[PDB]
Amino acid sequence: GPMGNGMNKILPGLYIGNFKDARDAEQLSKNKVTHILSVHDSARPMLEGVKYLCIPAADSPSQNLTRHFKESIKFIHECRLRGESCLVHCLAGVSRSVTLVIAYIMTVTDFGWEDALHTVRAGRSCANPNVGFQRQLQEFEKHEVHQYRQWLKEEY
């Protein structure tokens, strides 16, 4: 489906889904999601029992997401380090949320963005950052990921 078939586990304690999955109490309970990184235009805290990170961003190649990589990675990582689960979602769980999760995967591995995307697609086939985000990711892979990797290693 163009918007997935429900939230999908990408890494232990890390899921991606659409705006609907983000409201799915049972799905959230089953997956023990206690953290939600909402990245879409109307992103704001919604449910109880959940720590939110809301990033008002549009799914446009003009939308800068790289600037949100650090805070997104920190949110996700501290959640996972505490043995908790984080759901990263946008409207369809195809471009925005996927881009942030790819950035995270690249930072906790030696993966380039395409290998990271491959990792995401294995869990959520509809994953497909818009061309602009791929560009930003490509850039991230070229001149910053090495920098981010050191950061997490030193910070955690």
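Sequential numbering from 1, following the sequence displayed.
A.B. asks: Taking the recorded C-alpha temperature factors, which stretch has the higher mean, 84-92 or 28-36?
C.D. replies: Comparing averages over the C-alpha atoms only gives 28-36.
A.B. asks: Quick check: 136-144 versus 10-18, which has the larger average CA B-factor in the record?
C.D. replies: Taking the mean B-factor of the alpha carbons in each, 136-144 is higher.
A.B. asks: Looking at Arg67, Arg124, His118, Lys51, which has the highest Cα B-factor in the entry?
C.D. replies: Going by the entry's C-alpha B-factors, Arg67 comes out highest.
A.B. asks: Relative to the other modelled residues in the chain, which third contains the C-alpha temperature factor of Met106: lowest, middle or highest?
C.D. replies: For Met106, the deposited C-alpha B-factor lands in the middle third.
A.B. asks: For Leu100, return the chain-relative third of its C-alpha B-factor as stated in the PDB record: lowest, middle or highest.
C.D. replies: It belongs to the lowest third of the chain when residues are ordered by C-alpha B-factor.
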